[PDB]
Amino acid sequence: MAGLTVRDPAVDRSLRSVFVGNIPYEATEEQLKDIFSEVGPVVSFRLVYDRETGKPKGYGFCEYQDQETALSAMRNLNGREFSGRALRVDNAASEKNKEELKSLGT
């Protein structure tokens, strides 16, 4: 994530954040922020939830201070055991994840 060709703040945000899934809906943004700080300083975590019911979907995004930190964090978190579950973390730069960021106002 050098950003040599990237000239869009929107893309930068999708590089700074990573898509986290397979996590408890009970876990809050503050808790998850701390949980995923082990693999780099986290700026902020955005928890995706069902606006109809208010119940978190078990998905969100974790923004790291550096894009390279986010990249490594993705690779470090993806495959890690999370409360006896396979933790899935994807690149938020993916269009399928960018659409979710749009709904988050990111």
Q: Report the net charge of residues surrounding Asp8, where surrounding means a beta-carbon distance below 13 angstrom and charges are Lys +1, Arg +1, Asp -1, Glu -1.
A: +3
Q: Averaging sequence separations of C-alpha pairs under 8 Å and six or more residues apart, then dividing by the length of segment 25-80, give the relative contact order as a whole percent.
A: 33
Q.
Using Cα-Cα distances under 8 Å and only pairs 6 or more residues apart, what relative contact order does the chain have, in percent?
A. 34
Q) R0 = 25 Å: FRET efficiency of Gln31 with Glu52, Cβ-based, nearest 0.05? A) 0.60
Q) Hey, what's the per residue convex hull volume over the C-alpha atoms of segment 18-93, in cubic angstrom? A) 79
**Q.** Segment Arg80-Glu99, length gained on full extension (0.36 nm per residue, minus Cα span)
**A.** 4.3 nm
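Cβ sites come from the backbone with ideal geometry, for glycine too, and all protein chains shown count toward neighbours. Bear in mind that the values in this text are calculations on the coordinates, not laboratory data.
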